[PDB]
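The figures here come from the full heavy-atom set of this structure, side chains too, leaving out hydrogens, waters and symmetry mates. So that the names make sense, note that chain A is the first sequence line, chain B the second, and so on, each numbered from 1.
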Amino acid sequence: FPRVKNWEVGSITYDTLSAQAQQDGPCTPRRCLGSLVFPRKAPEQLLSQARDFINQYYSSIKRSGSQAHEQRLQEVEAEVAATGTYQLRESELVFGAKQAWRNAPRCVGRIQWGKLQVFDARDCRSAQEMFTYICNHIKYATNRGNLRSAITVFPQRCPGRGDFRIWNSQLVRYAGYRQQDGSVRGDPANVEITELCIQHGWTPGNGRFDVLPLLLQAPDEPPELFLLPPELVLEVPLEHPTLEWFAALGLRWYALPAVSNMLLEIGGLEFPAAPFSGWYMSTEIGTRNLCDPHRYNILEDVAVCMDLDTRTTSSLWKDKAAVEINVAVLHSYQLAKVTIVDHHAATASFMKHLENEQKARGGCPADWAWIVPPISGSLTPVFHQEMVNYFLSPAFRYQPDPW
Amino acid sequence: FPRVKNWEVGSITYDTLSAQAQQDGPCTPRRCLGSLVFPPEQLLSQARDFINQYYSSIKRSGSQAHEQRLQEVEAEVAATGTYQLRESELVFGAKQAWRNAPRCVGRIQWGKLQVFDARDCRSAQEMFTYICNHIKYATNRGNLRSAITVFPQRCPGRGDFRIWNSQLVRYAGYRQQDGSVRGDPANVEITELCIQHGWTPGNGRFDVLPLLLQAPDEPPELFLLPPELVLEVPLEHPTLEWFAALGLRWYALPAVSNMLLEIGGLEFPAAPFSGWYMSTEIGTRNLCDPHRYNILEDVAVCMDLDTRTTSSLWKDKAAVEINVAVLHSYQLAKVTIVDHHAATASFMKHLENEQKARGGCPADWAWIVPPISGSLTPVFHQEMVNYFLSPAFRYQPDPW
Ligand code: HEM
Ligand code: HEM
Ligand SMILES: N=C(Nc1cccc(CNCCc2ccc(-c3ccccc3)cc2CN)c1)c1cccs1
Ligand SMILES: N=C(Nc1cccc(CNCCc2ccc(-c3ccccc3)cc2CN)c1)c1cccs1
Ligand SMILES: C[C@H](O)[C@H](O)[C@H]1CNc2nc(N)[nH]c(=O)c2N1
Ligand SMILES: C[C@H](O)[C@H](O)[C@H]1CNc2nc(N)[nH]c(=O)c2N1
Ligand SMILES: [Ca+2]
Ligand SMILES: [Ca+2]
Ligand SMILES: [Cl-]
Ligand SMILES: [Cl-]
Ligand SMILES: [Gd]
Ligand SMILES: [Gd]
Ligand SMILES: [Zn+2]
C-alpha cells in the first residue's frame, strides 16, 4: 500500500483504499499523466458493479450480510436477468449520490459530503417537466443567499430511448459573444453554448454578464430553449472594501455554481442528467474566472487602476492585483449575504476530511493539482500533503457534449 | 503517444519522447502517485545506451569513433568492474542530467553549465578545496554562473565520497526544552551532527553551518567555510522601512550537494551543482513554510493586517510583500535572482525548444507551477508528462 506523507507535520499514512480502485486512470509505470484535464477518451459486468454498490449501501447502514442485504442482491440479480437492467431503491439513490460526491478526487469541498439534498426526478417525462425540476432545484439551493447543497437526478439511461441531457455546462452561465475580431464579449468559456442558444432562437444581448437560457433535451427530441426567471438567479455586484473605483468596473458574478453536464454513475447505472450545486470557493471566481488570460482577463486593467508598475514582472503587479480581486469577491459576497468560502478555510476543512476518511475508509482519492488553490498554493495545508489519485464508484464522470 | 494540451492557447502537441522512458515511475493504471516527493551485464547495457546518445548528439552515430568507444568500455569493465568517462562524455552527461530533470523550472539554461572534473580527488581536505573553488567560481561577486563539480564515482570494494550537508550553504537549526527551533528547522539533523563532530555552535537564526565532508571509508571531517566565500543578502523592503529590522537574510548561492549523478550506469554520489535562486524558493518556501522559518504571521502583524479571519487574505498579502522584499534585496545587492513570472515564461520557451529537439520534455507539474500565483503563470495551463530519462539526478539515502 502506498505510503503518504504530510510534510508540514511529518506524519505518515497508508492509502489502503486505492487498492480497491475499479476503473483505470491514465498513468503507467513509464509516464504519469496526472496533470491532464481529461484523462480519458452487458449483464455480467452490470451485475458485478451492482453487487458491489449494494454491498457498499448495506455497509454504510451497518447491516452487511443481513437477510435484507442478501434479498436485495437476489432481487437485483432477478431484475437484471429478466430486463437487462434494474432500478435503484430511493434510499440507494440518495446514498449513491452522496458517495459519488465523496469519491470525487478533484473536489476540495467534500467535508460536506453527507449534507446533500437529493431530489428524485426519475419520473420526469418531458423537457417542460425538466425545467420545473430545475427551477425547484435553483430555488431550494439558492435559499436567498444561504446556499444549500443539492442534486436533482433525472431518469437513467436505458436501451431503446434517448438520454435526458442539459446542454449547458452549468445552470447559470454568462453569455460569450464571439466578436468578429476573434475577441469575445462576455465569458469565453461559453462561446459554444452561446451560439447554440442563438441558433435555437434565443434573442441575444450584448453585455458581459448576460445570463444564458437553458437548452434542455428530453429523450429523442431536439433541445428546447427555456429562460430562467430573473427572480431565481441571484447575482452579486463586485465592489472592493477599500478601492472605491473597483465598483465602477461593473463586475458581477452569480451566487449558485450548479454543474449540469457531468454523468452520475451508481451501481453500473448511468444518469446523464443529474445537475448538482453547492457554493463557491472564492478563488474560482476571483482567480480563474476573472483573471485567467482566456477568461475575463481583467488582471492588467485592475493593476493599472491600482497604479502598479506593469512594465516589469519583478514588481509582482500580477500577484498584487489578483489578491485585491480575491478580496473584492469575498467582501462582495459577504456584503450580499451569499455563502462563499475562501481558499484558506476550504483547504483547512479538506485536511479534516482527509483525517475523517483515513479513519472511515483507510484513504481518500485526491487530485493534488486540483485540490491546491490557484493562488497562494504553499500557504495552504493541502500543498504539503501527499495525495493518491484513483477512481472509485459511484462517481461523477465527464461525458461528451451532446452536439 | 500522449496528447498534451495548453488550455490558455488551445494548442496540442504529442510527447513522443516519453516512449523512451528508461526507468519506471511510481504510478500505475490503478493509482497516480505523481504528488509524492520520493517516488556485470547490467552496467554494460546502460553504458552502451549512453554512448549511443552521445555520438548521436554530435552527428557521429554508428561511425568509426563510435565503435572504438564501445569496445573500450567493454574491456574496462572486464578488467576493473567499472569504466572511466571521457572528459567530453562527462560534460555531455552532466548537462543531459540537468536537461532531463523533471522538477527543474530553470532548464532553459541547460546548455550553459561549467563542469569541474574532480575525479582525481582523494581526502576530504582536497574535497574542501574543490568545493571552495566551485563556490568562488559560481558566486562570481554575485553574477552567478551555473556549475557542477564531479567527485570520484562509486566503485566496488571502495567506500564513497559524500557531502553530508544537503547544500553547500545552510543555516543551522537549534532545539530547546520547549521543542522549538532557533534557525532553520530543516537543518536540525545536520546541525547536531556538526556539533557532534567538533563544531561549536552559535545561537543565531542564520548561522552558516560548517561542511561535513566524507572521503572513502574515513569518518566525515569538519571544515569551516571562509566567511568571504559565503555571499549573503540582508533582506529589506523597498517601502516598508520596518522590514529590515526583522533581521532576515538569505545566501546568494543555491548549491545542492546531496543528490546522486548517474551517467551511463556510473554513479557519482558527490556531484554538487549550483545555479541561482528563483525568488519564491526563498520568499515563499524557506521563509513562509510552516515547518521552515514560518515568518508569515510576524510580517502580517507588522503590516497591521487583520489576522483573526482568513477571508481578509492576510496570509496572501504578507507573502507578496516578503517576495517583493526578496527580489528588491537581491537586485539591490547585485545578486542574480529570477522571479517566478520570468522563470515560468522561460520554461514555456524551453518546452517549445524541446518539442522540436527531442519530441517532448519530462516535466513534473506540481514542481514547475510556483507555490504562489500558480494560475497567474503560463505553466499552470500547460499539461505535462512526467517520466525518467538517463543521465539523471537522483535522490539517495543519507550517509548516516
Ligand atoms: C458545498 C460546497 C462545495 C465546494 C466549496 C466545492 C468546491 C469545489 C471546487 C473548488 C472544485 C474545483 C472546480 C474547478 O476548479 O472547476 C470542485 C470540483 C468538483 N466538485 Fe465540489 N464543491 C462543493 C460541493 C460539491 C457538491 C455538492 C458536489 C456534488 C454533489 C460536488 C462535486 C464536485 C465534482 C464532481 C467536482 C469535479 C469537477 C471536475 O472534475 O471538473 N462538489 N468542487
Ligand atoms: C540556473 C538557474 C536555475 C534555476 C532558476 C533553477 C530552479 C529550480 C527550482 C525552482 C527547482 C525546484 C526545487 C525546489 O523546489 O526545492 C529546481 C529543481 C531542480 N534543479 Fe534547477 N534551477 C537552476 C539550475 C539548475 C542546475 C544548474 C542544475 C544541475 C546542473 C539543476 C538541477 C535541478 C534538479 C535535479 C532539480 C530537482 C531537485 C529535487 O528534486 O529536489 N538546476 N530548480
Ligand atoms: N464550487 C463549485 N465549483 C465547481 C465544481 C465542479 C466543477 C466546476 C466547473 N469546472 C470547470 C472546469 C473548466 C474550466 C475552464 C473551461 C474553459 C475555459 C475557457 C474556454 C473554454 C473552457 C472549461 C471547464 C470545463 N471543462 C465548478 C461547485 C459546483 C457545483 C457544486 S460545488
Ligand atoms: N535554485 C535552486 N533550487 C533548488 C534546486 C534543486 C533542489 C533544491 C533543494 N530541494 C529542496 C528539497 C528539500 C527542502 C527542504 C526540506 C526540509 C524542510 C523542512 C524540514 C526538513 C527538510 C527537505 C527537502 C528534501 N527532502 C533547490 C538550485 C540549486 C542548485 C542549482 S539551482
Ligand atoms: C493543465 C492543468 O491540469 C489545468 O490547468 C488544471 C490544473 N489545476 C486545476 N485545478 C482546479 N481546481 N481547476 C482547474 O480547472 C484546474 N486546471
Ligand atoms: C506533497 C508535495 O509533493 C510536496 O509538498 C511538493 C509539491 N511541489 C513542490 N514544488 C517545489 N518546487 N518544491 C517542493 O518542495 C514541492 N513540494
Ligand atoms: Ca421495479
Ligand atoms: Ca521543559
Ligand atoms: Cl465557475
Ligand atoms: Cl533553498
Ligand atoms: Gd480608498
Ligand atoms: Gd505601528
Ligand atoms: Zn501519475
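Counting heavy-atom pairs closer than 4.5 Å to chain A, the top residue among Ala319(B), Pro2(B), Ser35(B) is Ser35(B). For chain B, the option among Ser282(A), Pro241(A), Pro293(A) with the highest count of heavy-atom pairs below 4.5 Å is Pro293(A). The candidate from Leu327(B), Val37(B), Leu33(B) with the greatest count of non-hydrogen atom pairs under 4.5 Å with chain A is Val37(B). Contact tally against chain A (heavy-atom pairs below 4.5 Å) for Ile372(B), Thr280(B), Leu376(B): the top residue is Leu376(B). Most heavy-atom pairs under 4.5 Å with chain B: of the set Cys291(A), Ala366(A), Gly10(A), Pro374(A), this distinction falls to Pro374(A). Chosen from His343(A), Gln385(A), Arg3(A), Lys5(A), the residue pairing most often with chain B at heavy-atom distances under 4.5 Å is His343(A). When each of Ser18(B), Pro29(B), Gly374(B), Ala342(B) is checked for heavy-atom pairs under 4.5 Å with chain A, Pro29(B) comes out on top.
To the nearest 0.5 Å, the span separating CZ on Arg30(B) from CD on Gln23(A) amounts to 12.5 Å. Separating the CG atom in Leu316(A) from the NE2 atom in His328(B) is a distance of 13.0 Å, to the nearest 0.5 Å. Atom-to-atom distance recorded for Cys27(B):SG and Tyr390(A):OH is 14.0 Å, nearest 0.5 angstrom. One finds the CG atom of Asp319(A) at 3.0 Å from the OG atom of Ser373(B) (value rounded to the nearest 0.5 Å). Considering CZ of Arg295(A) and CD of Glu8(B), their distance stands at 13.0 Å, rounded to 0.5 Å.
Across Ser315(A) and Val324(B), no two heavy atoms sit closer than the pair O-CG2, 4.2 Å. Contact record, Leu36(B) with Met387(A): CD1-O, 3.8 Å, taken as the closest heavy-atom pair.
Annotation: side chain of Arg31(B) is not in contact with side chain of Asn389(A) (no heavy-atom distance under 4.5 Å). Looking at heavy atoms from C-beta onward, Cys32(B) lies out of side-chain contact with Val388(A) at the 4.5 angstrom threshold. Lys317(B) is not listed as a side-chain neighbour of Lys320(A), based on a closest heavy-atom distance of 4.5 Å or more. Contact of the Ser378(A) side chain with the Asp289(B) side chain is registered, since non-hydrogen atoms from C-beta on lie closer than 4.5 Å.
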- Trace of the side chain to side chain contact (heavy atoms under 4.5 Å, CB included) decision for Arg288(A) with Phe380(B): CA-CA 11 Å; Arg288(A) 304 302 311 283; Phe380(B) 182 96; 3.5 Å; yes
- Item | Audit row: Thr28(B), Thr28(A), side chain to side chain contact (heavy atoms under 4.5 Å, CB included) steps and yes/no | CA-CA 5 Å; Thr28(B) 68; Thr28(A) 69; over 6 Å; no
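Using modelled atom types, one side-chain atom of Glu383(B) and one backbone atom of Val37(A) make a donor-acceptor pair closer than 3.5 Å.
Heavy atoms of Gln22(A) lying under 4.5 Å from chain B are absent altogether. Residue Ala19(A) touches chain B through its backbone alone, counting heavy-atom pairs closer than 4.5 Å. Both the backbone and the side chain of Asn323(B) come within contact range of chain A, each with at least one heavy atom under 4.5 Å from a heavy atom of that chain. In this structure, the portion of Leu299(A) lying under 4.5 Å from any heavy atom of chain B is its side chain and not its backbone. Neither the backbone nor the side chain of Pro26(A) comes within contact range of chain B; no heavy atom of the residue lies under 4.5 Å from a heavy atom of that chain.
No side-chain donor from either of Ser314(A) and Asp339(B) sits under 3.5 Å from a side-chain acceptor of the other.
Atom CD of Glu300(A) is surrounded by 12 or fewer heavy atoms from other residues, nucleotides or ligands within 6.0 Å. Atom OH of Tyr14(B) has 12 or fewer neighbouring heavy atoms from other residues, nucleotides or ligands inside a 6.0 Å radius. Within 6.0 Å of CZ in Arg106(A) there are more than 12 heavy atoms belonging to other residues, nucleotides or ligands. More than 12 heavy-atom neighbours from other residues, nucleotides or ligands sit within 6.0 angstrom of CZ on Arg40(A).
By the 30° and 60° cut-offs, the orientation of the rings of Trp7(B) relative to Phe38(A) is tilted.
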